[PDB]
């Protein structure tokens, strides 16, 4: 019932679609940026970031020529920072290798970093009219309910099933609108909890509704870590900060020297870290910070800094009024908040 299902979906979309920032036009660059920002992040959270980001990097070239440091700063607070490292690399790739044009071929676009099966579909269908599926969590929930699919959507292969289903029922004449409509339906009507089936424009076609299990679908299947942070203040009013490893947790972000206490030593395993030496004091406050695969049990440790050598290695000396110039994870952002809240 593909064709008729398409008409209802698309009709609903025209009337109910939200006027979001990235929907002003279909510029490949603007669509791509928004799609990367939306990965595992809510629309409400993205809006402010997209606005600031586009103003600061209006074109793909402008973003390509920016120093990675400024690009990360623009992403400070969004989470999953590798998304922007990959988008930056990919954008630099399109400028030099593809003459500043976002490839319109799925095989070409999919080779760029950060571009997985979802983004290929979202960006190419929307910006170029390419008939590729764009299956995100929203679509998976929608399709799972419409076709009563009970396979664990956390299974790597379950997404392939959904992609095939989309290839069979999508409006090949307007793939972009079709894909977007499917996502919007999931965002506004066919919601995680208490979907609005009575007001759904494709209720008639829904097997989950007919069987009364809409709410039980889709079917879907952390370690603690103590950490000691050090905030060394130079009598001159400058602070010590280091850039993080280029690969792994919060990669390439700045932070206050710290170590995985892995117990309860505190001001011990830290001092040792010198690879330019000094001693600490007693804590100032303790909090926690969650991620997705692990939690941080960090405890701060202040101290004084006396110069005895050149600041090298990842480390970098910086005046207090310049900190707002670096990109810091949310955890360490709080560390500094509690510090000036202390010396207050």
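Residue numbers count along the first chain shown, from 1.
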Does the chain run continuously from residue 48 to residue 49, or are deposited residues unmodelled in between? Answer none, 1 to 3, 4 to 9, or 10 or more. none
Missing residues between residue 156 and residue 157 in the deposited sequence, please: none, 1 to 3, 4 to 9, or 10 or more. none
Return whichever of 230 to 238 and 87 to 95 has the greater mean Cα B factor according to the PDB record. 230 to 238
Using the B-factors recorded in the PDB entry, average over the C-alpha atoms of 242 to 250 and of 118 to 126, then report which stretch comes out higher. 242 to 250
Reading the B-factor column for Cα atoms of 194, 167, 267, 113, the highest value belongs to 267
Listed options 285, 62, 31, 38: highest C-alpha B factor recorded at 285
Sort the modelled residues of this chain by their C-alpha B factor and say whether residue 144 lands in the lowest, middle or highest third. lowest
For residue 260, return the chain-relative third of its C-alpha B-factor as stated in the PDB record: lowest, middle or highest. highest
Would you mind ranking residue 307 by its C-alpha B-factor against the rest of the chain and naming the third, lowest, middle or highest? highest
Lowest, middle or highest third: where is residue 27 by C-alpha B factor in its chain? lowest
How does residue 20 rank on Cα B-factor within its chain, lowest, middle or highest third? lowest
